[PDB]
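What follows is one chain in structure tokens, specifically the form deposited in one PDB entry.
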């Protein structure tokens, strides 16, 4: 069973993502948060296998949270509206294992969690497609 923490400031989306992932037999949402701090606190304390991280959240962004969790051993997958090369470069330098867009098909999220748990790096193809 893969343990997942979800950090997403928009409650409707946070609740819907937890519901989308609890559909999976080999996955479990162990906690939900709305800020970068909620992610840092849970991940350092509860140590879930995976953290689904939104970027733009109040207080501390998901990129800032990812930097604070760089040496924790948790596999961070960024899930954001923003296809920004600066956000992506800061995310990869922080050691994130994935970077997905909120415009990626929903099925790609559970797939990315399994891939990342298998040591793979998952970046939405839509990113390169947006830039070029």
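Residue numbers count along the first chain shown, from 1. Superpose the two forms; the largest set of C-alphas matching within 1.5 Å is the rigid core.
Below: the form deposited in another entry, not depicted.
Superposing the two forms on their core leaves just one of 57, 100, 96, 29 with a Cα displacement of at least 2 Å between this form and the one not shown, namely 57. Relative to the superposed core, residue 78 undergoes a C-alpha shift smaller than 2 Å between this form and the one not shown.
Comparing the forms between this form and the one not shown on their rigid core, the Cα displacement of residue 115 stays under 2 Å.
The gap between the Cα atoms of residue 9 and residue 29 is smaller in the other entry, by no less than 3 Å, than in this form. Relative to this form, the distance between the C-alpha atoms of residue 24 and residue 62 is increased by at least 3 angstroms in the other entry.
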